[PDB]
Amino acid sequence: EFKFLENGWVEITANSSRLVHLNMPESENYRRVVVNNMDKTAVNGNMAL
Amino acid sequence: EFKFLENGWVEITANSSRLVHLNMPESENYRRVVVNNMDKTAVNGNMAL
Amino acid sequence: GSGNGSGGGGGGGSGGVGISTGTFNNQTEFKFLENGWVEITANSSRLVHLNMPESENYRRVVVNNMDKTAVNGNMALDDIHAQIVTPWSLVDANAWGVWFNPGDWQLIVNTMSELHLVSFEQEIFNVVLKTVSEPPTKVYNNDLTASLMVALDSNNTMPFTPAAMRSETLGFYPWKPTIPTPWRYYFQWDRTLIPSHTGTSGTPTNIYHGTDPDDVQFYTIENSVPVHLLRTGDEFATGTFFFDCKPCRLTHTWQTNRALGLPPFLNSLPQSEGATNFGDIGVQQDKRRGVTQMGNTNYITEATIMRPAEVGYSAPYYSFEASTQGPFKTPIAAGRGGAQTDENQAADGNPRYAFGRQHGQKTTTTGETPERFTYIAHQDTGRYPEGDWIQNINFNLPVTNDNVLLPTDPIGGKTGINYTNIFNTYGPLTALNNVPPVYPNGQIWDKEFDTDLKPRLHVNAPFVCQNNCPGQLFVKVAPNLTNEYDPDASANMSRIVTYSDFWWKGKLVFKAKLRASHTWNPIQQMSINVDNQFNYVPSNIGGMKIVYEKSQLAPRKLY
DNA sequence: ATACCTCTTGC
DNA sequence: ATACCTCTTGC
DNA sequence: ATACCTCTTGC
DNA sequence: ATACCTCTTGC
Ligand SMILES: [Mg+2]
Ligand SMILES: [Mg+2]
Ligand SMILES: [Mg+2]
Ligand SMILES: [Mg+2]
């Protein structure tokens, strides 16, 4: 919705809806994980990676 | 000027000015003239002209 | 061989043919208030002269000194750019000299401590228009009914072009006439240009691409302002405008990082006069108590010791950067100054003004070379690169060559370069001041940029208006036609030769504050003497000139 | 529409 | 009779 | 609880 | 009986 006001102001109202789908989690736990692509960086010149 | 109102109406005001120049007429008379390009139409197939 | 007829004057309450519509005043008022505030009111008037434009058209011109840059090593010389050219002329008055004479300046500067800009308004009157008609006997007649046009861009729709940046404001002498300048403005354009040197092989790309249609903007007075037409009897006047902007100080600071805080206690004092009897701290540099920002040593020296933050900063020079439209020098705030300069050491940061007779150059002096100078602020906030240096963290000293970079060692293998040229130390701890005014050739106030984020200051003027700035004032002679005119024709129209004169008067108001003695010793003060004495007076011919003067004379603690 | 070198013999 | 590129620092 | 391609034949 | 280098964060 665009609603024009005095003096050229507009009030834009945007609505939006969705059907959302969701599965049960893999596991009901909180986990603390470490990620390690050492190998890739191990390369030399692959710092950015 | 554009002046925005409620409900998306606008009032457009346009001003305009000019410097106008004007010479005296060729003659202070009213004339009744006839124009005749007979010759051109005389052609045959030149009706439109 | 006629006088035109002399035409006869009708009379209203604010004007007519033989009725003056204004009053000349170029006088300056100081009005002392309670608590040492002063209200300075400065009036100023001029007789302005103006001719009809070259042509009643707006033009879009491109300028191209390709040849000069074509040179290789002449990057800096690039003048390329586009611009719209109008038939209008601009009346700019933004410049110290328009408003004050020296005497004034003196006062201000010696007795005050800070200055605020307050309001400003102007007006035009006693308008006159004449026509020239011509054996070359030129004759001049008033054209009673012709008009002068005037437009005031209060909305600030036009792009802003302060004219002092080119020394085109009005004159600085009340007793001598002057004129407005022809208005023009930048027009967008794309452009490329690869830097090079003497030694540089071939032809570095160097071209004018054209115009980003996106970036296009073309304005016209006519379509954006209302134009007033004045006849002799008419007169025009702007309202009064009020400024919203910080104050400007008239004092300078002098402490540098070195002078902040409690100096070290000297365990040992001199016992007789003489400039060689120093005092002594009397403690091993590596044994003193105190604080530093250096985690490795135990050294504590006036240069090591910690300071609360940092005055001044260092930046690259001479730096040219480049964007869409070509290169340009990177500006600095600071400048330099001091003992190790003397206008010859004169570097980056100090500004330099150049100008004509209307603005200070000796009136009688012949020859079209501009007069000049380099303003050297009193505020000791700049840098002395030569003194800089950098060293390895290990900080083992005395230091080894391998562990230190000097202003002497050459960078990029170029001899005449060193880190200080590309160095930069600005940062959250930096602290500094605004430029100081420059009499008489300095701009006074300036518009702020419409960017989302903003400069903390401008270098061209001390007063930057926060909100809107007073709209520009344009004028122009109204076209006076002959009896022949054919707009349908391609040729340029012929006009009667016409021109105009009118007086302009303005009022600019500041508000300031008296200063007061705080130290035992007296301080610096501007003053006249045998040496400069003649700068302030006309020559036996009427030679006049206005020399530049300083502004922040007195000192102030910084901390 | 003149007041002691400004505004201001005002207010 | 100048307000942030219009009217419109209005109303 | 439908009004002239929105909000909104509302207020 | 501390206010932004005076009087004076007074009045
Ligand atoms: Mg307006
Ligand atoms: Mg506006
Ligand atoms: Mg584009
Ligand atoms: Mg672009």
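As given, the protein sequences belong to chains Z, Z' and Z'', one line each in that order. A prime marks a further copy of an entry chain.
Take the authors' numbering: the last position of the first sequence gets the number 98, and nothing is skipped along the way.
Take the authors' numbering: the last position of the second sequence gets the number 98, and nothing is skipped along the way.
According to the authors' numbering, the third sequence holds residues 22 to 155, 160 to 584 in order.
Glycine residues also receive a C-beta, built at the ideal position from the N, C-alpha and C atoms.
Since residue i and residue j are thought to touch, with beta carbons under 8 Å apart, how far apart are those beta carbons, to the nearest angstrom?
i: Z'':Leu285; j: Z'':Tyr584; result: 5 Å
i: Z'':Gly385; j: Z'':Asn466; result: 6 Å
i: Z'':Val130; j: Z'':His253; result: About 39 Å; that fails the 8 Å criterion.
i: Z'':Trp470; j: Z'':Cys494; result: 7 Å
i: Z'':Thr245; j: Z'':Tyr79; result: 6 Å
i: Z'':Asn147; j: Z'':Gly43; result: 5 Å
i: Z'':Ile571; j: Z'':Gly124; result: Not really, about 12 Å apart at Cβ, beyond 8 Å.
i: Z'':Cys273; j: Z'':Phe488; result: 6 Å
i: Z'':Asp373; j: Z'':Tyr343; result: 6 Å
i: Z'':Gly94; j: Z'':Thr225; result: 7 Å
i: Z'':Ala537; j: Z'':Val59; result: 5 Å
i: Z'':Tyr400; j: Z'':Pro376; result: 5 Å
i: Z'':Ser348; j: Z'':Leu255; result: Not confirmed; about 43 Å, so no contact.
i: Z'':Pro410; j: Z'':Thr450; result: Between Z'':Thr450 and Z'':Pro410 the Cβ distance is about 11 Å, and since that is not below 8 Å, they are no contact.
i: Z'':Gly31; j: Z'':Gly24; result: Not really, about 20 Å apart at Cβ, beyond 8 Å.
i: Z'':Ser134; j: Z'':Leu539; result: 7 Å
i: Z'':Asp168; j: Z'':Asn508; result: That pair is no contact at about 15 Å.
Return the CA-CA distance between residue i and residue j, expressed in angstroms with no decimal places.
i: Z'':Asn546; j: Z'':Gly337; result: 27 Å
i: Z':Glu50; j: Z':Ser65; result: 11 Å
i: Z:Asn85; j: Z'':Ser339; result: 42 Å
i: residue 159 of chain Z''; j: Z'':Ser564; result: Residues lacking coordinates in chain Z'' include everything strictly between 155 and 160, among them residue 159 of chain Z''.
i: Z:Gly57; j: Z':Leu54; result: 7 Å
i: Z'':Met96; j: Z'':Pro352; result: 8 Å
i: Z'':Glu574; j: Z'':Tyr378; result: 12 Å
i: Z'':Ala456; j: Z'':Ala334; result: 8 Å
i: Z'':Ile447; j: Z'':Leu275; result: 32 Å
i: Z'':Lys532; j: Z'':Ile105; result: 31 Å
i: residue 585 of chain Z''; j: Z'':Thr278; result: With chain Z'' running from 22 to 584 in the structure shown, residue 585 of chain Z'' is simply not present.
i: Z'':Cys270; j: Z'':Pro288; result: 37 Å
i: Z'':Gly264; j: Z'':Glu144; result: 9 Å
i: Z'':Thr203; j: Z':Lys52; result: 42 Å
i: Z'':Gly235; j: Z'':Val241; result: 11 Å
i: Z'':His543; j: Z'':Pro580; result: 10 Å
i: Z'':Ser293; j: Z'':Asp475; result: 59 Å
i: Z'':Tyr198; j: Z'':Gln383; result: 8 Å
i: Z:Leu98; j: Z'':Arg332; result: 41 Å
i: Z'':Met87; j: Z'':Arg216; result: 11 Å
i: Z'':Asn459; j: Z'':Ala63; result: 24 Å
i: Z'':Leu218; j: Z'':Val463; result: 34 Å
i: Z'':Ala188; j: Z'':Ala300; result: 52 Å
i: Z'':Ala503; j: Z'':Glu77; result: 9 Å
i: Z'':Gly452; j: Z'':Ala91; result: 39 Å
i: Z'':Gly567; j: Z'':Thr389; result: 8 Å
i: Z'':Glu327; j: Z'':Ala103; result: 54 Å
i: Z'':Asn115; j: Z'':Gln468; result: 6 Å
i: Z'':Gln549; j: Z'':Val153; result: 55 Å
Taking 7 Å as the CB-CB limit, is residue i close to chain Z'?
i: Z'':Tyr510; result: yes
i: Z'':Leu177; result: no
i: Z'':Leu506; result: yes
Contact list for the stretch 53-80 of chain Z against chain Z', Cβ threshold 7 Å
Contact annotation: in the stretch 53-80 of chain Z, residues whose CB is within less than 7 Å of a CB in chain Z' are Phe53, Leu54, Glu55, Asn56 and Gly57.
Quick test of the definition: if touching needs 3 or more C-beta pairs under 8 Å, does the stretch 127-142 of chain Z'' touch the stretch 223-243 of chain Z''?
Not touching, per the Cβ criterion.
Are the stretch 511-529 of chain Z'' and the stretch 64-82 of chain Z'' in contact at 8 Å, needing three or more beta carbon pairs?
They touch, by the three-pair rule.
If contact is defined by three or more beta carbon pairs under 8 Å, each pair taking one atom from either stretch, is the stretch 413-422 of chain Z'' in contact with the stretch 430-444 of chain Z''?
Short answer: they touch.
Evaluate contact between the stretch 304-320 of chain Z'' and the stretch 353-372 of chain Z'', counting only Cβ atoms and requiring at least three cross-stretch pairs below 8 Å.
Judged by Cβ distances under 8 Å, the stretch 304-320 of chain Z'' makes no contact with the stretch 353-372 of chain Z'', as fewer than three pairs qualify.
Using 8 Å as the threshold, is the stretch 254-263 of chain Z'' in touch with the stretch 190-205 of chain Z'', meaning 3 or more CB pairs across them?
Under the 8 Å Cβ criterion, the stretch 254-263 of chain Z'' does not count as touching the stretch 190-205 of chain Z'', having fewer than three qualifying pairs.
Cβ pair count under 8 Å reaching 3, the stretch 490-506 of chain Z'' against the stretch 173-187 of chain Z'':
Proximity of the stretch 490-506 of chain Z'' to the stretch 173-187 of chain Z'' meets the contact definition, three or more beta-carbon pairs being nearer than 8 Å.
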